[PDB]
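# Analysis of the macromolecular model
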Amino acid sequence: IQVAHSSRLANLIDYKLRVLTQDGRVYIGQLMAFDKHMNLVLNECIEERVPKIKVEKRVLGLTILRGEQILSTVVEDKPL
Amino acid sequence: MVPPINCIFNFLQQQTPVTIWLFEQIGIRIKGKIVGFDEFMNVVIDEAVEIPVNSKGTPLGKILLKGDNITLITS
Amino acid sequence: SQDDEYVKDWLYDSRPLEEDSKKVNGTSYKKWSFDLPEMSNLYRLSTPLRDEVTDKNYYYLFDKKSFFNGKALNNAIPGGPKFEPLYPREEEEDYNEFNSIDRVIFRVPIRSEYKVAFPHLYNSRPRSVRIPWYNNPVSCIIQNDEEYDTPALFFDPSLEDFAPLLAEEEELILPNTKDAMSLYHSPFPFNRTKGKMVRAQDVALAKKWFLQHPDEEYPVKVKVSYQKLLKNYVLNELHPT
Amino acid sequence: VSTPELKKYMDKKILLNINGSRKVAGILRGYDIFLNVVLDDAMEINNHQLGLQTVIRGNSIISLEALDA
Amino acid sequence: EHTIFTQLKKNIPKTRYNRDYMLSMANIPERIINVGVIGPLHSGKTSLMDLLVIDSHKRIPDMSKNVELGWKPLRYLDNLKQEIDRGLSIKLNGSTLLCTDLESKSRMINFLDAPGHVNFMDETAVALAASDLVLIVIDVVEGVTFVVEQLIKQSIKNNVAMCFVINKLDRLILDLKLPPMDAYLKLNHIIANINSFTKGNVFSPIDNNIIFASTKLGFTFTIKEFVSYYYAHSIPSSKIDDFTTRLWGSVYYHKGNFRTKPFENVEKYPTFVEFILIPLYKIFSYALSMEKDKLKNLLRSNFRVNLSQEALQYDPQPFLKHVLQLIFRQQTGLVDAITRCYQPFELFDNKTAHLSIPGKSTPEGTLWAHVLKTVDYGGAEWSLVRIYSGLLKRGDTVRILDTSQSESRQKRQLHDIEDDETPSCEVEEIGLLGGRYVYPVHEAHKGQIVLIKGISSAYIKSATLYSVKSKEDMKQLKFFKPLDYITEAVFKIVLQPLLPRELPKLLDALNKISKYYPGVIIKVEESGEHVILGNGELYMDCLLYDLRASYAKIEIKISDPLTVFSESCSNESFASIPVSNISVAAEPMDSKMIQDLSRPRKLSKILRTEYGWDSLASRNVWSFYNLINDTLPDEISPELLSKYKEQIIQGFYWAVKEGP
Amino acid sequence: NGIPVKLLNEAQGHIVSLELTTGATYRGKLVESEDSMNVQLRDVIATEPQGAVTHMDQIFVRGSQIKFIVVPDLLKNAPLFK
RNA sequence: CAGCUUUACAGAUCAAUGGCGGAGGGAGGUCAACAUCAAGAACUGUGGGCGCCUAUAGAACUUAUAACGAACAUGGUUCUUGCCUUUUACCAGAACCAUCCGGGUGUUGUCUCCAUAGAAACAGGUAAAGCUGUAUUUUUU
Ligand SMILES: Nc1nc2c(ncn2[C@@H]2O[C@H](COP(=O)(O)OP(=O)(O)OP(=O)(O)O)[C@@H](O)[C@H]2O)c(=O)[nH]1
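Residues numbered from 1 in each chain as written, not as in the entry; some residues may be left out. Chains lettered and ligands numbered in written order. Part of a larger assembly, values for the part shown. Heavy atoms only, no water. Residues with missing side-chain atoms left out of burial classes, pairs and counts.

As summarised from the PDB record, the model derives from cryo-EM at a stated resolution of 10.0 Å.

### Some thoughts on the overall build of chain B
Quick note on the threshold: Secondary structure elements follow DSSP: runs of H or I no shorter than four residues count as helices, runs of E no shorter than two count as strands, and numbering proceeds from the N terminus. To get the radius of gyration, use the C-alpha atoms; to get the globule rule, take the number of residues to the power 0.38 and multiply by 2.2 Å.
Looking only at helices and strands, one finds one helix and five strands in chain B. Here the C-alpha radius of gyration of chain B, 12 Å, is about what a compact globule of 75 residues would show, namely 11 Å. When the backbone C-alpha atoms are referred to their principal axes, chain B occupies close to 35 × 25 × 20 Å.

### Description of the interface of chain E and chain F
Stated formally: The contact definition used throughout considers only heavy atoms, calling two residues in contact when any of these lie within 4.5 Å. Polar here means any residue outside two lists: the nonpolar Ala, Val, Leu, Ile, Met, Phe, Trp, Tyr, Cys and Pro, and the charged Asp, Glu, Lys and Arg; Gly therefore counts as polar.
The interface is formed by 10 residues belonging to chain E together with 13 residues belonging to chain F. Among the residues forming the side of chain E that touches chain F, the class breakdown is four nonpolar, four polar and two charged.

### Focus on the protein's contact with RNA strand G
The test is simple: For each residue, the test is whether any non-hydrogen atom lies within 4 Å of the molecule or strand; if one does, the residue is near. For this analysis, a polar contact is any N or O atom pair within 3.5 Å, provided that within protein one partner can donate a hydrogen and the other can accept it, and provided that sequence-adjacent residues contribute only side-chain to side-chain pairs.
Close to RNA strand G lie 72 residues; C:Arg199, C:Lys207, C:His239, E:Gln7 and E:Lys72 are nearest. The side chain of C:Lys65 places a nitrogen or oxygen atom 3.3 Å from a phosphate oxygen of RNA strand G. Between E:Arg75 and RNA strand G, the recorded distance is 3.3 Å, taken from a side-chain N or O atom to a phosphate oxygen. Only helix 3 (64-73) and helix 9 (220-238) of chain C together with helix 3 (65-69) of chain E provide two or more residues apiece to the surface near RNA strand G. When residues of the surface near RNA strand G are assigned to their parent elements, the largest contribution, four residues, is made by helix 9 of chain C.

### Digging into the sheet that holds strand 20 (residues 530-534) of chain E
Residue and element names in this part refer to chain E. Convention followed: Should DSSP find at least two bridges between two strands, the strands are regarded as paired. Axis lines are fitted to C-alpha atoms, over the contacting stretch for helices. Their N-to-C directions set the angle, which ranges from 0 to 180 degrees.
Ordered by their spatial adjacency, four strands build an open sheet running 19-20-18-21, and the pairing between neighbours is antiparallel. Each having just a single partner strand, strand 19 (521-524) and strand 21 (556-558) make up the two edges of the open sheet. The sheet shows a mean angle of 25° between the axes of neighbouring strands, direction not considered. Here strand 19 runs beside strand 20; their pairing, made up of four bridges, is antiparallel. Bridge assignment links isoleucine 521 to a residue of strand 20, and that residue is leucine 533.

### Focus: a nonpolar patch on the surface
Rules: Residues qualify for a patch when their relative accessible area is over 30% and they have no salt bridge, like charges being joined within 9 Å and the nonpolar side chains of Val, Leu, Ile, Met, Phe, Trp and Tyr within 5 Å. We get accessible surface area from the Shrake-Rupley algorithm with a probe of 1.4 Å; when it comes to residues, only the shown protein chains can shield them. Note on definitions: salt bridges are taken to be side-chain nitrogens of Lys or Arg within 4 Å of carboxyl oxygens of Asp or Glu. The cut-offs for exposure are 20% and 50% of the maximum accessible area for each residue type, with area from a 1.4 Å probe on protein chains only; residues under the lower value are buried, those over the upper are exposed, and the others partly exposed.
A grouping of C:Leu49, C:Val198, C:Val203, C:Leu205 and C:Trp209 is seen on the molecular surface, where their side chains present a nonpolar patch of about 430 Å² in accessible area. The class for C:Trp209 is partly exposed, based on a relative accessible area of 34%.

### A closer look at the packing of aromatic side chains
Put simply, the rule reads: The pairing test for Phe, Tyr and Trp rings, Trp by its six-membered ring, is centres within 6.5 Å, and the orientation test on the planes gives stacked under 30 degrees, edge-to-face over 60, and tilted for anything in between. Here, a charge over a ring is recorded when the distance from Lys NZ or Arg CZ to the ring centre is within 6 Å and its angle to the ring normal is within 35 degrees.
On inspection of all chains with the given rule, the structure shows 44 aromatic pairs over all chains. It is C:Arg192 that lies over the ring of E:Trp71; its NZ or CZ is 3.4 Å from the centre. Across the ring face of E:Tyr439, the terminal group of E:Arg19 is positioned such that the distance to the ring centre comes to 4.7 Å.

### Details of the site of the ligand
Residues and elements named next belong to chain E. Surrounding the ligand, one finds 21 residues, the nearest of these being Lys45, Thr46, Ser89, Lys168 and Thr215. Within the backbone of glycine 44, an N or O atom sits 3.1 Å from an oxygen atom of the ligand. Within the contact set of the ligand, an oxygen atom lies 2.6 Å away from a side-chain nitrogen or oxygen of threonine 46. Protein coverage of the free-state accessible area of the ligand, which is 650 Å², stands at 90%. Secondary-structure elements contributing two or more residues to the shell around the ligand are helix 2 (45-56) and helix 7 (169-175). Among the elements that take part in the shell around the ligand, helix 2 stands out by supplying three residues, more than any other. Considering only residue class, the shell around the ligand consists of four nonpolar, 11 polar and six charged.

### Points about the sheet that holds strand 1 (residues 18-21) of chain B
Residue and element names in this part refer to chain B. Ordered by their spatial adjacency, four strands build an open sheet running 1-2-3-4, and the pairing between neighbours is antiparallel. Looking at which strands have only one partner, the edges of the open sheet turn out to be strand 1 and strand 4 (63-65). Direction aside, the axes of adjacent strands within the sheet are offset by 55° on average. Where strand 3 (residues 43-52) and strand 4 come together, three bridges link them in antiparallel fashion. Counted as the bridge partner of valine 43 is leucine 65 from strand 4.

### Some details on unusual backbone geometry
Residue F:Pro79 follows F:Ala78 across a cis peptide bond; omega there is -15°. Relative to the elements of secondary structure, F:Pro79 occurs in the segment after strand 5 (66-71). Non-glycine residue C:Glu168 carries a positive phi angle of around 65°. Mapped onto the fold, C:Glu168 is located in the loop between helix 5 (119-122) and helix 6 (177-185).

### Focus on the arrangement of the chains
The top pair by number of contacts, from a total of five pairs of chains in contact, is chains C and E. You won't find any contact between chain A and chain C; their C-alpha atoms come no closer than 25 Å. At their nearest point, the C-alpha atoms of chain A and chain E are still 14 Å apart, with no contact between the two.

### Some thoughts on the nonpolar core
Residues and elements named next belong to chain E. The line we're drawing: Residue types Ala, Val, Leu, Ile, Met, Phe, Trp, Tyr and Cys, when buried and joined through side-chain atoms within 4.5 Å, form a set referred to as a nonpolar core.
Grouped together as the largest cluster of nonpolar side chains are 117 residues, with contacts concentrated most on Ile166, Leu169 and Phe221. The leading source of residues in this core is helix 11 (residues 271-288), at 13 residues. For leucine 169, the contacting residues outside a window of four places in its chain are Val140, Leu187, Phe212, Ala213, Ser214, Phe219, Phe221 and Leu280.

### Describing the interface of chain E and chain C
Counting residues at the interface gives 79 residues for chain E, matched by 56 residues for chain C. In terms of residue class, the side of chain E that touches chain C is made up of 46 nonpolar, 14 polar and 19 charged.

Structure, rendered in structure tokens:
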């Protein structure tokens, strides 16, 4: 995985982002929009859930992820 | 319309039997009479009694139950 | 120096505005852009010639369109011009049951004023008749006694560490603003403050007067002349070369 | 800032889904900006009733499904 | 080619929002607003519409340089040669615009810029019928004329959200040169007048129903919008609504951090004047007058807006307009206001009921749509239809009923309470009336207006089209009543063609006129003389022009403008005179009663009693139309010959139509 | 103001999906939202973590207990973004 | 008084990546040459789908009481008129047409008058300009 040395979250808009959540699920998708309270809009979102063995996958689409439930956000890939 | 604050006030005025349910805790309940009122749901409640839920009674004195951990009010 | 402060230096020069300035394109003298006060001064100066009615509704049945309609219908608006009729008056009704004096009623006299106003209605068999305008009224009051924002001619109605926007302005109406306002409502020549240059030939200072309704208590000859001028104008307008 | 628009649900029986997989029932009487419900008391989910009139706190509410359409 | 015009091809003005999104939105109801903008003559509704269109779109071909600059108005929706050349909006040529609110989210809006002039009030009526909200635009100067009042009344009658637009502030700012305080006072007065004419709902600039517009200079604003733009930086989020509320109603600032209802001695003017009107005035004066650099600096500072280097060299009025645009951003405030006004969608049902009858809702069972007005939008006939429920697909086989055959149908239904499909048509092509272009679409969904091509030929004026799949469904259905074109027509122009040879052509033209101009009765009399009963002079003239140029191109004779007279009686009938190969009396009704009429037997009787305090027997006997018909002899209650009098009453109708 | 909130508001009308902290997914016509994500829906299904579906008419949901909201792909196209 | 983006700055290792790059004028002439300015409200290409749709885009000028002119002449042709009786020279209207006096826009080319730099961002400072900010139930206590 490769990515530019970014300064802020707003500066890396429309990059393919992995997003970890408190329940255990991993939402991968392109960051369309952000919030003051870390709510993320994701372009072509895919939920990856790991039950207690192997990654179970679910395609979503346009999604509004709330900030409360997010643990952290990793850059999966660049735009396009 | 009857607001929650108004209801609380009414209850206070009455001094009738009240049964409070605790937040994030199913097995335990409280039963007393509302004495106090605050800007939040926090209220002081004399003659309180702890109750284990039927999935009877236990000894308990005078208490102020904090607003954050309330679930139910009734009076 | 007091009234005509800005214009005096250049007004009477061969090239009306100097070469090598920011007010005209340059020595080619093809375009001009003016500041406000100079423009205002010019307007003030031109009071004799530019004497135009700022009210657009004034020209009711003195429109080019109206004139054209009149010409078509062989119907003189009494003030305005008259022409040879487009169509020869083929008086061949033959006493038919339509438009008879047995049939119709004469409460209204159906003046030829009304013909050019609703051509397609009041006139029967209209031909090559253009459509006229049908307008709003112009409440526009200009102060002649050197005063600022006053309800003069009309009547009154019956009944956190910050300030409003444009605070520290200290004055609603700037000293030049009355003039600006006046300019605003005035017609084409002065309305603007930038333009392409027309030839001295291509300016018309007489035109405006003859377009207007003639000033009353003039002699017959003058009226006739005015009419002639109008006719000349109208014909030119009509046939676009 | 904005009031919860529950004027459609006024004087209707609502299944209030609350914290810890619990449930409450009753007709809706009132509300406020914090989503503290005021409702006439009914049974807790076989089934058994407590109280006459009840006032539920906002934080505890998971959902409130309308029984009456 | 054509002289009376539309776009005629798919090089349409491209739009800042994408049209696909709009189409999608139109699928779902609750996210469609039929606005139908209305007012008096030259209030500037059309100007407003044009502005809106401009805001929506990228680069429009019709909009020249001059119009762009500001100079000439882009009168967009008066696309007809006549409506151009004449200066009047004459026909309903509205728009379908995805318009955003203060809440960034966006909704599709079927505007309809009606005529202002009082002889095309049929058009206005049609618009009202179509539209669920109605923007009542008013000339600030002219104020609330009688016309405005009438419009308001009409709106009230046919249940609609009245979101006002007080238009032409420029006139008071600059033309009149009213002081800011004076202007404010004037505005207040206008508002008061509006309120008075209205029954109950109190309109003010707070609550976002009044909208302050100057559509030549190119800005509309509700105070809320203004606040959002320019009193967010200073004032925190808690008290913004509060601040807005404070602004208008005779409160002051007190040179101090909180406002006070009393008058204060140090400061002069109210909050509205201080926080809005004064600012506007300043903007105006500076634009006209101030040194340009200074103005630019101010803009940079206060409004946070930059003038382009090109825009500095502009001419005065244009410059001013530009400045206004920069300040008052692309008109979303108006949209927001509209939305606020039409946040109740419970009115919709009421409106529907008014249109037709107290209805039992049956959405899934069938599609139905009020065909409102026929139109010659793009030369070819379209039909302006509001799909009320269901979805109207392209190439669908659809039953239609002209409102002529509505009452009869209803009666039949009642009586009933076999498949009798009387006429029907196929939908050729559906399109959105987008001012000068018809953007074409395949579907057409509930609560939106559209142009449909196939319908026109069935009906004459105002149809109801529907596509049922059952007997029960049919029973459930109702049929829109004929549009009460508020202005009744009494301007009688008689025709004859000058060449009898082309009488068919003339007839065709007449038919077309009837279809298009709804406020047009066309009596074909016995003498071979066609008669047009138009609304007024100007309207009549327009109609003639349309006929004698566009829908015929024929030499046509025309009478002096007469009126429809109507026979009556002053005193009561004295002689009891029968007729043979019946004896009926005559007496005038009560003036008040007549007026009431102009604006179940027991119930009827009661009503009569309430009205005139007549005898009960008379009431019982009564059964009227168009006026009054009783059956009050002695032996009729015993007799069965006089009983069953519907047929008899039919005869009377003829008499009423054609008097002595 | 919150752009996700705005998006949600825009989605009003559409068949949105909606999961909670409890993990109980809903899918239906969005009716109304607020600054805090106080959603309402119509004609809505309700599936638990187990998988057993349960249909229901009118549901209101509180933003705190909401996990994430799936909007249809149409609102990706336009127009509140830019 | 925080944050990021740009200039004005040293001395850098200078990779990394961007952006200003085959980096080199500006103002104008009563100076040219060409193009083009009345048409389905009307523009031009580009591929793709196959003379037409769908995306790309571009677009200087002129236009709605419709025009390059907020300006107005003269011809020619027919037809009708008028003074008239021969014609020119005329009257005044119509329909086509032309001529002319002008106008833009764009592209070059020139003529004149003023002028002259071939490389700067990164770690972050110093200074100044653009926007955002001011723990008790729904986000982060
Ligand atoms: N002073 C001023 N004039 C305006 C304003 N808006 C429009 N006008 C002018 O006044 C007239 C009104 O504009 P229109 O759009 O033609 O009026 P309208 O709404 O079409 O009126 P209808 O033809 O009856 O529909 C036009 O001549 C405009 O130039 C305004 O805000 N201020």
